[PDB]
Structure formats: structure tokens, C-alpha cells
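So the protein lines, in turn, are chains CE and CB. Taken in order, the first sequence gives residues 300 to 557, 569 to 584; the numbers are from the deposited numbering. Taken in order, the second sequence gives residues 18 to 187, 206 to 295; the numbers are from the deposited numbering.
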Amino acid sequence: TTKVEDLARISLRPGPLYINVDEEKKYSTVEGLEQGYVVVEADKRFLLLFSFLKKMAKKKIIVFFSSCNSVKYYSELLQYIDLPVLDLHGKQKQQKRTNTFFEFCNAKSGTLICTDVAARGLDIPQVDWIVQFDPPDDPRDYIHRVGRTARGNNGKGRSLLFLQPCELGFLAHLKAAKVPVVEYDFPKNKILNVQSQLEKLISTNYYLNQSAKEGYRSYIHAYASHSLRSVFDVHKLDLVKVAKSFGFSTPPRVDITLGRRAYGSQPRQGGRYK
Amino acid sequence: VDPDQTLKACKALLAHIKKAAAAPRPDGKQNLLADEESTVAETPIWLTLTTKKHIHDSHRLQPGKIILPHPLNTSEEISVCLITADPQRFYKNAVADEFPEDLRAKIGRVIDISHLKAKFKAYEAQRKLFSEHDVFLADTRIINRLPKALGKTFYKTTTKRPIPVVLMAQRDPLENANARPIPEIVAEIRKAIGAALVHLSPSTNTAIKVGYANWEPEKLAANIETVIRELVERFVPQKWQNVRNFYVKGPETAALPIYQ
């Protein structure tokens, strides 16, 4: 873009070296897509994920989180809650990263947790669902690229996105780009209320408490530094309810933020003010 | 009673529920947690006896077990609870070091009677317990005590009432717990889970669970015939003098009759 080269003229030396290994055949489909979404309250996001994964077992599942710390915490929790799920985060070996994905690409069933920035560098196989639990990093790349890869050539692959009630301006942005939507109903009886088991684990296990605190903070911190602030706003987030999903009864402390000039005054002209 | 016309109805009602479930719903919405096969399954059809006299002119509130040739609740997602009339730790240790592998999976929570009246007296807790499991057993030494403990939330409906299970020998709790030999326990638990259940109420209609809508119909036809013959000879008084219409009907469809 235009701003890009002005950054080059101020940072680079007069002689650069120009390299293009870009993919100029950007197959940004405009019409052959169908996006799914589920309106879920902030305090039953995980319970819907758990109920989704438990009943849609014996299938292929890929879940996108926003932070590697929340991937780490959800990996340890789901092993205690007894659901065998695969994981892909940055605290692992690079060798373990590849053997996890090669195991997943050749498997029949299974479920994989990774962050959205991990999948951008990775080759998504044929899967039955792509579920965006946390908000996507860049919504343009989610709808176009990840919607088409969820469709996945031949096999019927469906993509859904978790939306809070305070997030429905995404539907207006989806309506502006004219891309079809379907919303799923999810009756309240089929939610597996393991909230009591979850809070007993967090209040008693120390390692899960650290992972919950770091996953909760990284989720809020990624929410604050989001590009499209019209729909992903942290001041429209009830922080008590979002810590309920992580397993907390009291939401741990996090910094959500992270006319008349002087009379008789004149602009500075000299002095080594440091 | 005739078996063939019972079978051809059992074809027709079961085939209807696939047509009803697979039909889309007109407000443009789908269900995340309801597959087409999962709602073709998990929808029980049940036999509705109609009588002339009001059978058992009182509220029996204790189910009777009809041994079914092929069991009812032997799926993979069944949470079961065993309410025991003695130290909970003895049964907790019993179900952990024994109770094969399938029964170890289905045992969700074993709870003492004394621990039940302390932790589940309120009506949150006996509603949370109702929605968490699928079948509730009980020792025969506490079958009478459970109306007060698990009240209207467990005994207004006949879907989930505690099933009577005998767990005695033929008192200080820590010293002794009068129980059967442990293999005789786990064998008897198997009978209680997969048995069709009768519920005597001062009523003319009795609904008996016969199976789900994903079985094959001859399996069902052999199961309903055993339900028919067991219930008349054992439970309803004036065996064939008081007998009347016998309908089979699903939870969202009409009634298919057989007459006696």
C-alpha cells in the first residue's frame, strides 16, 4: 500500500533488495460461501463448546482460539474433564507441533485446538467443522480464506462463529459484504452443566488456577488490541460473566485499558527539556 | 393378541418419525446439538395401556421391573446413580475395584441416603440431580424414604423414579454393611437398568417405555409382545376381564391401537 513504501524510505537504506514470493492468485471467493454463527451468552461459551465437542465426537473438529495461553489452559482442562482433544500451541516443541498435525491430518476423527495465527501458517486438511470460539484476528481473512477452507473442496464442511449478544454488528458487516448466514438454535436442555465440576477444579488445583488466570487475561488483552473495535469492544463486555466461563466466581483483576490550554502560556522555543 | 398386525403398525409409526424429524423447520434455523440421526434416535415410543377399572387405587410410587429380552437403556451415553442405604465409601470402593468396565462407565454417582438428605434437600439440588443423570436406582432399604428426600421433582413424573434394587445380605455403619457378594450385586444392577418399567397410579392409562425409534422393528415387536404378556398376568387385576385398548404412540404423534 501507499503507506508501506514511505516506511521503507525512512527505515531502509537507498539500495534495498526486492523479493516477491507472494501468492498473486488470491482466490477470495465472494459468493460461494455460507457462514454460520451461534448467539451464545458470555457465561455459557465454554459449556456450548464442551457440549458441541462431546456430541460431535467421532468427527473432525478444528477450533480457533485467540491466545496460546488459552489454548494451553483449555488443553489441560479438557484432559481433566476427560475429553481427548489434540492441541497446538507455542509452549510446545517444534517437533511435537509437526507430529501433532500429521497425526491429525491422517486421522479419521479427532479435535484440534490452535490459535488463528497458527492456522494461517498451516495447511488445513479436510474437516467437518471449523469453529471460531474466540473472535477472529482479522475478520476479512476469516470470512474469505477460512470460510473457503472450511468448505474444503468436495466434502461437506461447515463453519460457525461464536457471537455474544453485544456482537451483532458483525451481522451488519456481514450484510454489507453480502455473504449468507445461518444461525443455529441450540436448545438449553442439551447443555452439559459441568460448571460445578469446573469451579471445584479451579478453586482447588493450583496449576489449573494459573492457567485459567493467564488464559483469562490473554483473552481480554487480545480483545482490547483488536482492529475492528466497533463490534469487539471490551467496554461492552461483562467481565464477571466471561470469567465464569473460564471457571472463576470472582473475575481476576486486569487493566482493561492496556479544551483550555494554560493561561499566559506560549510555545516552547529553547531549553534541553528531556 | 396377534403379532403380525402389531409388527406392521410398528413399521408404520417408526417410519413416520423419520419423516417427521427429517422435515425441516420453517423459520430458517438449524440445531447444533441435534443431528438428524440423533433425533431419529433418542425419541422413545411407548406402550399406552388403557383399562376399565382404575388399577391399584392408590399411588404406588415404586416401579416394577419387567425383564426385557433385549435391554432398554444400554446405550453409550447413560449416566446412572445408585442411592445406597449404607456407607457410601463401601460402595464407592466396590464400584472402583470391581463392577466390570461397562458398569464402571455408567456409574455416575453413588450417594448415601444420609448424604442425600443433607446435600439435596433444597429444590435447586433435586432439580440439578434430575437433569444430570438418566436412570436412578435405589436400595430396597430406602425405597420408602425417597419420596420425602427427592420429592415432587422426582415423583411427579414417571420418567425417572428410583428403581428398586435389592442389595442386602440375604447397625453400626463403619463396622458392617450388610450386602450381597459383590458379583451378585453387579449382575443385579444389569437387570435393573435395562428393564421396562410399570407405574401403578389410580388411573386408566399406563405408559410403559418399550424402546427408541432407531431399533429395527422385529426387535421391537418381540419386545412389545413380552411387555404385553408380562403386564396382564402379573400387574393389572382382573387379568383379561379388566383389559382394554392397547395403543402405541411416540412423543409427538398419534396413537396406533391394538385391542384386547
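Note that beta-carbon positions come from the ideal geometry of N, C-alpha and C, so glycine has one too.
Beta-carbon gap between residue i and residue j smaller than 8 Å
i	j	result
CE:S544	CE:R344	yes
CB:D114	CB:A212	no
CB:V245	CB:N258	yes
CB:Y247	CB:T60	yes
CB:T101	CB:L184	yes
CE:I412	CE:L376	no
CE:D433	CE:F351	no
CB:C98	CB:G81	no
CB:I72	CB:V283	no
CE:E482	CB:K46	yes
residue 562 of chain CE	CE:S526	Because chain CE is numbered from 557 directly to 569, the model contains no atoms for residue 562 of chain CE.
CB:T175	CB:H234	yes
CB:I224	CB:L120	yes
CE:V480	CE:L470	yes
CE:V533	CE:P550	no
CE:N508	CE:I519	no
CB:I243	CB:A227	no
CB:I180	CB:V18	no
CB:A289	CB:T65	no
CE:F349	CB:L50	no
CE:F461	CE:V384	no
CE:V541	CE:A341	yes
Delimiting residues of the beta strand (DSSP E) encompassing residue i
i	result
CE:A523	First-last for CE:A523: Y505 to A523, but that is the alpha helix (DSSP H), not the beta strand (DSSP E).
CE:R308	CE:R308 -> not in any beta strand (DSSP E); alpha helix (DSSP H) instead, spanning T301 to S310.
CE:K395	First-last for CE:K395: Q393 to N405, but that is the alpha helix (DSSP H), not the beta strand (DSSP E).
CB:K173	From DSSP, CB:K173 is part of no beta strand (DSSP E); its letter is neither H nor E.
CE:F345	Here CE:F345 belongs to no beta strand (DSSP E); instead the alpha helix (DSSP H) covers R344 to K354.
CB:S238	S238 to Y247
CB:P61	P61 to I72
CB:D114	Segment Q105 to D114 is the alpha helix (DSSP H) holding CB:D114; no beta strand (DSSP E) there.
CE:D386	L385 to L387
CB:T91	Taken as a continuous stretch (DSSP letters only), CB:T91 belongs to no beta strand (DSSP E), as it is neither H nor E.
CE:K359	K359 to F364
CB contact check: residue i to chain CB, cutoff 8 Å
i	result
CE:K407	no
CE:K535	no
CE:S502	no
CE:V530	no
CE:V303	no
CE:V362	no
Chain-ordered chain CB contacts of residue i [CB-CB under 7 Å]
i	result
CE:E482	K46
CE:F485	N48, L49 and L50
8 Å Cβ cut-off: residues of chain CB touching residue i
i	result
CE:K489	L50 and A51
CE:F351	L49 and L50
Contacts that residue i makes with chain CB (C-beta to C-beta distance below 9 Å)
i	result
CE:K354	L49, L50, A51, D52, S55 and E94
CE:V337	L49
CB contact check: residue i to chain B, cutoff 8 Å
i	result
CE:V445	Here chain B cannot be found, since the structure's protein chains are CE and CB.
Residue interval of the alpha helix (DSSP H) (run including residue i)
i	result
CB:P292	Taken as a continuous stretch (DSSP letters only), CB:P292 belongs to no alpha helix (DSSP H), being part of the beta strand (DSSP E) at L291 to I293.
CB:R42	Looking at the DSSP string, CB:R42 is not in any alpha helix (DSSP H), and its letter there is neither H nor E.
CE:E482	That residue, CE:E482, is in no alpha helix (DSSP H); its beta strand (DSSP E) goes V480 to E482.
CB:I220	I217 to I228
CE:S369	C367 to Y379
CB:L163	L163 to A166
CB:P252	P252 to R269
CE:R450	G446 to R450
Could you list the residues in the region 44–62 of chain CB with a C-beta less than 8 Å from some C-beta on chain CE, going in chain order?
-> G45, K46, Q47, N48, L49, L50, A51, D52 and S55
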